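Here's the structure, in structure tokens; my notes come after.
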Amino acid sequence: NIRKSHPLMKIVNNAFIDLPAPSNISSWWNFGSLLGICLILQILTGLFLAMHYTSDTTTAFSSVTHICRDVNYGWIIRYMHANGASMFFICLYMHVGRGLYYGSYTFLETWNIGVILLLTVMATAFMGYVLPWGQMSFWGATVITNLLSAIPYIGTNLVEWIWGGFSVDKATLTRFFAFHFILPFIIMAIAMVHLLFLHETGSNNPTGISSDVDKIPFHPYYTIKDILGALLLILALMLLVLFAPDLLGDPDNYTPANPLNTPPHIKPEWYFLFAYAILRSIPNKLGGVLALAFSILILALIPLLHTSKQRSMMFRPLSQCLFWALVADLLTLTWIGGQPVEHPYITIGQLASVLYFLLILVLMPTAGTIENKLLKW
Amino acid sequence: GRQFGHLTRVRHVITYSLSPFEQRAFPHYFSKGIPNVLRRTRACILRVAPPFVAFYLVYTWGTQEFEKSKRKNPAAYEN
Amino acid sequence: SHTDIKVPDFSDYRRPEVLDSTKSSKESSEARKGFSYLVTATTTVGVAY
Amino acid sequence: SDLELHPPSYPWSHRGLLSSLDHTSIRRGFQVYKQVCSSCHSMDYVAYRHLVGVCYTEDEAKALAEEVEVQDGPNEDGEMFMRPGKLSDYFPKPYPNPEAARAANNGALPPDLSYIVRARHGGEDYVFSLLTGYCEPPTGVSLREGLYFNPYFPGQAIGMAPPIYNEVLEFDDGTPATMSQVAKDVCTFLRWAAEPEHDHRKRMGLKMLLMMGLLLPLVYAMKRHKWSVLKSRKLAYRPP
Amino acid sequence: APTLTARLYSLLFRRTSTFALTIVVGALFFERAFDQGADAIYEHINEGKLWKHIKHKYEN
Ligand code: HEM
Ligand code: HEM
Ligand code: HEM
Ligand SMILES: C[C@@]1(c2ccc(Oc3ccccc3)cc2)OC(=O)N(Nc2ccccc2)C1=O
């Protein structure tokens with residue numbers, strides 16, 4: 001009987017069963033549902049870890065080990081959480097890249113909501129990482145938190161405020177546990193709002209050309225395409241959990257607390273590398289953090305810089321080359337962000353930083369304009 | 001949202017199709033697929049590949065300089 | 001004139017049990033569904049696992 | 001000062017994808033922690049029961065636990081005595097407030113416990129090569145006090161006296177307690193102390209690839225079946 | 001002489017009742033046979049277990 005009339009299943013039907021979708025959406029389109037799976041994944045394992053973790057300075061590092069050694073299967077649950085956080089970023093990255101390449105950002109509202117979803121998960125992962133009170137957890141917590149101190153005039157009252165003291169201590173570990181528990185529920189609401197705005201127009205596709213003449217039902221097609229792709233997300237997640245639990249995980253969080261001693265070479269998680277390089281590039285306190293913020297906050301300027309008469313980059317050889325130069329540049333930032341602030345590296349790191357911004361703020365838009373002229377448009 | 005029946009106007013196109021239980025799910029998987037991937041590869045290498053070798057070259061050089069410059073170094077201090 | 005239509009040839013997409021006119025397809029009906037359903041059964045059995 | 005070298009190449013018998021531990025070597029390795037390392041290094045997270053599963057036996061585990069004295073809970077007078085040795089809380093803790101380890105050893109703090117994975121890149125190897133690779137301090141550089149020199153370590157210089165080849169033994173078997181053999185065993189054991197789940201994980205891990213190798217092709221085939229209809233559909237435009 | 005997959009279809013897949021009954025009964029055995037057959041694979045390649053190691057101590 002009917003899916004269409006019931007006030008509840010009607011939502012389901014309109015979102016996952018009868019929703020008209022482009023016959024041609026690619027694998028690149030699988031990431032949104034994978035981001036949903038990621039969020040649920042983080043939520044379940046996250047929760048079971050909360051049934052055993054304790055938020056006090058003393059027993060924090062210890063309770064986590066209690067989980068990995070004592071609590072039945074805590075190790076598998078703990079690793080799925082950690083590796084799930086990485087996958088979540090892997091997915092954010094692909095998802096945001098897919099939107100750039102294919103012009104999807106032209107759906108203003110849904111793209112703007114996405115940026116919010118990006119910042120929310122970054123906020124979430126940060127608080128998360130601090131939780132086990134390891135060396136990197138602590139020093140990473142110290143670095144990132146201090147960014148706020150750069151803000152003129154009110155900078156220090158703010159860090160101390162967010163600290164609940166004179167430095168990252170007791171009060172901060174507890175509040176971070178709290179905010180880290182509620183954030184993913186708030187994320188979940190923003191994501192439903194994301195999905196609402198998207199349905200208003202439906203999905204874009206590889207060609208950037210309207211698909212209203214060739215829509216297919218989300219259900220049999222994307223239902224199975226999404227299943228298959230979930231299993232791929234799962235294989236990749238398990239491989240990590242079950243063969244390489246410590247691979248992305250820094251060895252220093254396996255050593256408790258040292259507010260007195262900063263490790264020789266503190267290294268961000270992975271997904272912060274490129275942004276870490278940008279912040280570091282410029283030898284200035286204020287300007288570094290400003291460059292850092294702008295490095296992410298730039299996504300919301302992207303739509304103003306669309307210059308081409310076409311939506312997607314599928315028929316745009318110039319933009320394509322510049323897009324990959326962007327990716328290749330990010331990969332350079334990543335490499336550099338994980339390296340000591342020295343000779344070859346600072347200069348490479350400064351040139352990659354101007355390139356990132358140079359290509360988004362100027363190169364891409366100029367390619368679009370010459371592609372238009374080349375076509376006589 | 002939008003519903004089938006209210007999307008857009010289409011006139012004059014016929015679509016012929018088969019039942020899944022009547023066709024193969026992998027017909028010429030290799031016979032036609034391999035050629036196809038070679039072809040999509042050719043079509044995109046020139047745009048995708050170059051920026052990455054550019055990073056690759058800077059990656060090996062960059063680390064090379066790093067090692068030779070600092071550590072390996074202590075070059076001449078002769079007396 | 002709508003009689004100038006004709007459904008195009010699907011020979012190179014068809015399962016071999018069909019492919020031949022003269023032969024009814026009811027005869028391979030059970031086997032062809034058998035195979036495709038077995039695949040799902042097995043899948044769900046695996047996922048069950 | 002800031003220069004340094006990295007560990008050799010790992011042939012452990014627990015290096016590959018699927019690869020158990022040589023539980024016999026985990027035994028020998030505990031014996032090394034028992035007689036030598038224990039007197040300086042705290043192993044705060046392992047317990048006598050943890051071994052029951054791995055290297056010993058129910059009865060054996062009790063017996064080895066009984067060879068020490070912990071500070072048991074208070075009774076009616078508000079006391080604090082000592083007790084035979086449980087089976088439920090390793091913890092031979094060589095030093096009270098950590099600063100006592102500093103006092104004894106002189107500056108240097110004998111770190112962690114259930115080692116490797118721990119803050120040491122190249123985990124087991126780094127340790128193996130640290131213990132097994134003590135060497136003569138080359139010309140040009142002195143040592144503020146006869147500290148102790150080690151080619152690996154950060155800064156090539158500092159801390160721990162070379163404690164391997166003082167051929168302590170109690171390997172039953174009939175195993176020669178040599179420099180290396182005692183190290184291979186200690187690292188092996190330390191591997192298990194840091195990662196007890198190691199063997200179950202790779203057995204699961206096996207199952208994950210085996211299952212994935214069944215499901216992947218199958219789910220893929222399910223999707224192609226349903227997408228058949230679109231993939232082979234044919235179009236024709238017939239305008240007036 | 002019909003075929004196998006046909007028999008399977010007639011007797012068990014046609015109805016979602018049997019179709020479902022067959023897979024739940026299929027999982028019960030697959031799990032048991034996969035765990036066993038897979039454990040033995042894990043063991044045969046290792047052999048520095050707590051198993052073989054035991055043998056040495058029925059005593060105390
Ligand atoms: C017993 C066999 C034994 C082992 C094994 C062991 C290991 C070990 C490691 C892996 C280190 C880490 C080096 C690093 O942090 O990078 C370390 C450090 C110290 N040790 Fe040790 N140790 C064993 C035994 C002993 C014994 C019996 C003593 C006391 C005489 C001792 C001492 C120390 C000290 C001091 C350090 C700190 C080094 C420093 O940072 O200065 N160890 N040990
Ligand atoms: C359901 C909401 C969540 C809860 C209740 C939750 C609970 C926890 C708890 C208790 C810890 C500390 C234990 C441990 O470190 O293993 C933790 C750590 C962490 N979580 Fe979450 N979390 C939630 C959502 C998230 C989200 C959205 C992310 C981002 C994908 C995330 C990524 C992390 C990370 C990176 C850590 C540090 C992991 C580590 O290396 O130990 N979790 N979480
Ligand atoms: C919690 C994080 C996110 C979730 C849960 C999420 C979920 C989804 C889902 C389910 C889709 C449907 C189809 C698809 O897979 O593409 C989608 C499409 C889209 N999302 Fe997200 N996404 C998230 C982060 C982002 C981010 C970071 C952005 C951009 C900053 C973004 C902007 C878009 C856009 C523009 C589309 C358009 C679809 C297209 O053009 O193909 N979303 N998202
Ligand atoms: C995991 C991690 C983290 C998490 C989320 C972040 O959020 C962003 C990610 C990308 C871009 C901007 C913010 C940043 C760092 O949290 C944390 O303590 N660190 N560690 C760290 C190390 C050195 C400097 C700064 C931080 C992270 O990597």
Side-chain angles (χ1 to χ4, degrees), chain A residues 21 25 28-36 38-39 41-47 49-50 52-53 55 60 63-64 67-68 77-78 81-82 84-89 91-92 95-96 98-99 102-107 110-118 120-121 124-132 134 137 177 180-185 187-188 190-191 194-195 198 203-205 249 253 269 299-300, chain D residues 32-33 36-41 101 104-112 115-116 118-120 126-127 130-131 147-148 150 152-154 158-161 163-164 182-183 186-187 190:
Chain A
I25 54 186
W28 290 107
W29 270 254
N30 278 90
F31 297 91
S33 78
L34 299 173
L35 288 168
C38 277
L39 178 47
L41 182 74
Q42 290 312 277
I43 281 167
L44 291 156
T45 63
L47 185 69
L49 295 172
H52 304 291
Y53 169 81
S55 141
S63 69
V64 169
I67 294 164
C68 301
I77 287 173
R78 196 268 180 115
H81 204 63
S86 266
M87 302 309 275
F88 204 150
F89 276 91
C91 305
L92 267 341
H95 202 62
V96 163
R98 182 289 306 275
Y102 296 104
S104 307
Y105 51 96
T106 179
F107 289 148
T110 111
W111 168 266
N112 280 177
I113 291 275
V115 178
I116 296 298
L117 287 152
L118 179 75
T120 298
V121 2
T124 291
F126 167 54
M127 325 245 301
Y129 195 75
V130 181
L131 273 17
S137 309
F177 179 36
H180 175 81
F181 197 119
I182 195 157
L183 258 205
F185 313 132
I187 293 183
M188 192 157 42
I190 300 298
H194 186 59
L195 217 44
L198 184 64
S203 277
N204 170 210
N205 66 90
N253 286 289
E269 247 304 305
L299 302 164
Chain D
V32 187
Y33 177 73
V36 254
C37 336
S38 46
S39 69
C40 267
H41 290 288
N105 292 251
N106 200 328
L109 203 178
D112 292 37
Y115 246 109
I116 88 211
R118 292 185 74 172
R120 280 82 234 209
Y126 166 79
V127 179
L130 182 86
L131 308 170
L147 252 170
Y148 300 125
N150 200 301
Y152 295 95
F153 202 65
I158 275 191
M160 167 191 172
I164 310 228
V182 111
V186 82
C187 293
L190 289 161

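So that the names make sense, note that chain A is the first sequence line, chain B the second, and so on, each numbered from 1. Note: hydrogens, waters and symmetry copies are ignored here, and every other heavy atom, side chains too, is used. Both counts, for ligands and for their atoms, begin at 1 and track the order of listing.
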Which protein non-hydrogen atom lies closest to [atom], naming both residue and atom, and how far is it?
atom                    : answer
atom 43 (N) of ligand 1 : D:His41 NE2, 2.9 Å
atom 14 (C) of ligand 2 : A:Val64 CG2, 4.1 Å
atom 38 (C) of ligand 2 : A:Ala82 CB, 4.5 Å
atom 9 (C) of ligand 2  : A:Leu131 CD2, 4.0 Å
atom 41 (O) of ligand 2 : A:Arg78 NH2, 3.2 Å
atom 2 (C) of ligand 2  : A:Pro184 CG, 3.4 Å
atom 5 (C) of ligand 1  : D:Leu131 CD1, 3.6 Å

Tell me the contacting part of [X] for ligand 2: side chain, backbone, both, or neither, using a 4.0 Å heavy-atom threshold, strictly below.
X        : value
A:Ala85  : both
A:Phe181 : both
A:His180 : both

> Do ligand 2 and A:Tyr129 have nitrogen or oxygen atoms that lie under 3.5 Å from each other?
Replying inline: no
>> Any nitrogen or oxygen of A:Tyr53, side chain or backbone, less than 3.5 Å from one on ligand 2?
In response: no
> Under 3.5 Å, is there a donor-acceptor pair linking the side chains of A:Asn253 and A:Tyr129?
Replying inline: yes
Provide the number and element of each atom of ligand 1 under 4.0 Å from a heavy atom of [X].
X        : result
D:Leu109 : 37 (C)
D:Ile164 : 2 (C)
D:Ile158 : 39 (C), 41 (O)

> Going by heavy atoms, is A:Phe89 under 4.0 Å from ligand 2?
Replying inline: no
>> Just to check, does A:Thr124 reach to within less than 4.0 Å of ligand 2 when the distance is taken from its heavy atoms?
In response: yes
>> If you take the nearest heavy atom of each of D:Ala119, D:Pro111, D:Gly159, D:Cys187, which one is closest to atom 19 (C) of ligand 1?
In response: D:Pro111
> Which is closest to atom 16 (O) of ligand 1 in terms of heavy atoms, D:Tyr115, D:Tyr33, D:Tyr148, D:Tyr126?
Replying inline: D:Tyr126
> Any heavy atom of A:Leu195 sitting closer than 4.0 Å to ligand 3?
Replying inline: yes
> Heavy atom of A:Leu198 under 4.0 Å from ligand 3?
Replying inline: yes
>> Is it the case that atom OH in D:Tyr148 sees more than 12 heavy atoms from other parts of the structure closer than 6.0 Å?
In response: no
>> Taking 4.0 angstrom as the limit and counting only heavy atoms of A:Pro132, give me the atoms of ligand 2 inside it, by number and element.
In response: 15 (O), 41 (O)
> Which of the atoms of ligand 2 are close to A:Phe88, meaning less than 4.0 Å from one of its heavy atoms?
Replying inline: 30 (C)
> Can you tell me the N, O or S atom of A:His95 that's nearest atom 21 (Fe) of ligand 3?
Replying inline: NE2
> Counting heavy atoms only, which part of A:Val115 comes closer than 4.0 Å to ligand 3: side chain, backbone, both or neither?
Replying inline: both
>> Looking at every non-hydrogen atom in both residues, tell me the closest pair between D:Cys187 and D:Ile116 and how far apart they are.
In response: O-CD1, 4.2 Å
> Do D:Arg120 and ligand 1 have an N or O pair less than 3.5 Å apart?
Replying inline: yes
>> For D:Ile116, state whether at least one heavy atom is located under 4.0 Å from any atom of ligand 1.
In response: no
